[PDB]
Amino acid sequence: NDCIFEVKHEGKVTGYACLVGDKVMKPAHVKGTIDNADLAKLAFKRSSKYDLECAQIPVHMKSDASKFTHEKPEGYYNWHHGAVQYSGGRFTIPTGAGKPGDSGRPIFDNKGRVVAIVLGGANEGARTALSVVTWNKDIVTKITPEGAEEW
Amino acid sequence: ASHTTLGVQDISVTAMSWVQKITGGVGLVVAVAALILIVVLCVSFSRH
Amino acid sequence: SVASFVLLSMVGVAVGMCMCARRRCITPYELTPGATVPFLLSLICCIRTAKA
């Protein structure tokens with residue numbers, strides 16, 4: 001279901017604007033600045049050791065937001081190239097489902113409130129496992145397996 | 001003068017201990033700031 | 001003059017390490033959506049008033 005809050009930067013999506021409650025989280029690991037100038041006046045904050053950048057909604061676009069989110073039980077979730085099976089605390093995909101140019105994409109959840117962003121992955125030999133940032137109820141952290149590429 | 005010239009910057013008064021008060025005081029403020037950084041350096045490099 | 005240059009530079013570097021410690025602590029509590037820095041740590045890193 002792609003019926004969510006939306007953004008783009010220098011034509012690339014460049015990580016989705018996670019209007020998760022009162023926020024404008026913008027996962028731009030790579031080049032881009034605001035094409036979707038409907039809220040251009042961002043008070044940008046960043047910390048590159050968790051790759052992400054962020055700001056706050058004033059009121060103008062608050063009707064575009066989702067409610068808050070952090071839960072991650074075992075099972076499977078959904079992303080822009082199909083299903084993503086999640087077990088042993090990590091997301092996994094069909095080998096080759098992701099590629100360069102998949103530069104920041106959500107895992108949009110099964111019940112209508114976002115979790116995580118994908119940034120890359122490793123080939124296991126026949127499985128593929130993702131490199132990801134995730135919300136831990138408090139803090140934010142990175143998951144990354146042995147030998148992983150980034151996109 | 002029937003005596004050796006002073007060390008001019010070496011031999012201050014016994015009551016110069018103001019220099020140990022300020023250098024100890026600022027040295028401890030630096031050590032506390034260094035500890036406060038070493039603590040959150042160690043948490044932000046143990047949260048991956 | 002050289003002693004007051006080093007001693008004024010030391011309260012500079014001490015506030016500099018306190019600033020680095022504020023930023024490298026608070027950023028992973030400030031980025032996360034729908035989240036807050038916990039009450040005690042909000043006081044220790046000098047934001048707002050009381051338990052607000």
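Note that each Cβ is placed from the backbone with ideal geometry, even for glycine, and that neighbours are counted across all protein chains shown. Please treat every number below as a calculation from the coordinates, not as lab data.
Miscellaneous remarks
- Restricting A:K72, A:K67, A:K23, A:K49 to those that are in contact with a helix residue (DSSP H, G or I) (Cβ under 8 Å, 6 or more places away or on another chain) and within 23 Å of A:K137 (Cβ to Cβ) reduces the list to A:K49.
- Single residue of region C:39-51 satisfying the filter (under 13 Å from the mean Cα position of the chain (by Cα) and in a loop (DSSP other than H, G, I, E, B)) that is nearest to the other protein chains (Cβ to nearest Cβ): C:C45
- Every residue from region A:117-151 that is assigned to a loop (DSSP other than H, G, I, E, B) and hydroxyl-bearing (S, T, Y): A:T144
- Here is the figure for region A:45-85: residues that are farther than 26 Å from A:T144 by Cα and not basic (K, R) total 10.
- So C:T36, is it crowded, with 17+ Cβ neighbours inside 10 Å and either farther than 30 Å from B:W18 by Cβ or more than 9 Å from chain A (Cβ to nearest Cβ) (or both): no
- Of everything listed in (1) within 22 Å of the chain's Cα centre (by Cα); (2) within 12 Å of chain C (Cβ to nearest Cβ), the single unmet condition for B:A15 is (2).
- Filtering A:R113, A:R46 for residues that are within 11 Å of chain C (Cβ to nearest Cβ) and without any contact (Cβ under 8 Å) to a residue 24 or more places away in the chain leaves a single hit, A:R46.
- Candidate set: region C:19-33, residues that are out of contact with any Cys (no Cβ under 8 Å at 6 or more places or on another chain) and buried (at least 17 other Cβ atoms within 10 Å of the Cβ); chosen: the one farthest from the other protein chains (Cβ to nearest Cβ): C:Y29
- Every residue from region A:78-124 that is hydrophobic (A, V, I, L, M, F, W, C) and crowded, with 18+ Cβ neighbours inside 10 Å: A:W79, A:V84, A:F91, A:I93, A:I107, A:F108, A:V114, A:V115, A:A116, A:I117, A:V118, A:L119
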